[PDB]
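Only one chain is included here, represented as structure tokens and corresponding to the form solved without its partner chain.
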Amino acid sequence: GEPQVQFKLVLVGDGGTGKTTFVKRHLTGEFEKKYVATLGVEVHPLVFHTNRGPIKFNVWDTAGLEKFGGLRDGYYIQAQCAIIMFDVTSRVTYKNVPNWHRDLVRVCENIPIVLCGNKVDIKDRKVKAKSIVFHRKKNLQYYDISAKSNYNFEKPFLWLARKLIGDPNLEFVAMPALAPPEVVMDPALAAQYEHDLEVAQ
């Protein structure tokens, strides 16, 4: 009878930015993933547990290394939300963000979108906070991320659940089982970066 609250999420951005690494941190979603042969995609079911009940994000991760413009319409059709990703050690991935946005909005129009800057465990960072107080001003929320250490993993999913359910006080009551950190996210470096965003804001 009474079914599941489920949302289609489309994960997009340049080849090599860490999209498959980020979505694979949720272990039960990787083990139960579904290979949809004909659209070139892997659909991952990520269940999150809130104070108002359980929610599911059906994350569509492309299986190729496609280029801006080269994602069929079927990949985006009926999407309810999205995450756009770039790598902070490569400037060309961040310059392509606007074209990935243009592709989404043409097919889906006004849907809640989060912007993510990955690989902030690396010391030699090229794209900093002062240049990210830019683009995000499309009604787009920004978060610094590190996929291999699990740094800020829940933040993009918590922001999208608040918009789609309609409650700004919604919280997660327990965290999903996650793959153990494989790199070190220095604790004083993370604090320096957070201070930099507030300065930039």
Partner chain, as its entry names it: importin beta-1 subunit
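Positions refer to the first chain, counted from 1.
Omitted from view is the form deposited with its partner chain bound, to which the following refers.
Interface membership of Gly70, defined by any non-hydrogen atom within 4.5 Å of its partner chain in the entry with it bound, is confirmed. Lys34 belongs to the set of residues with a heavy atom inside 4.5 Å of its partner chain in the entry with it bound. In the entry with it bound, at least one heavy atom of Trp60 sits within 4.5 Å of its partner chain.
The closest non-hydrogen atom of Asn51 lies beyond 4.5 Å of its partner chain in the entry with it bound.
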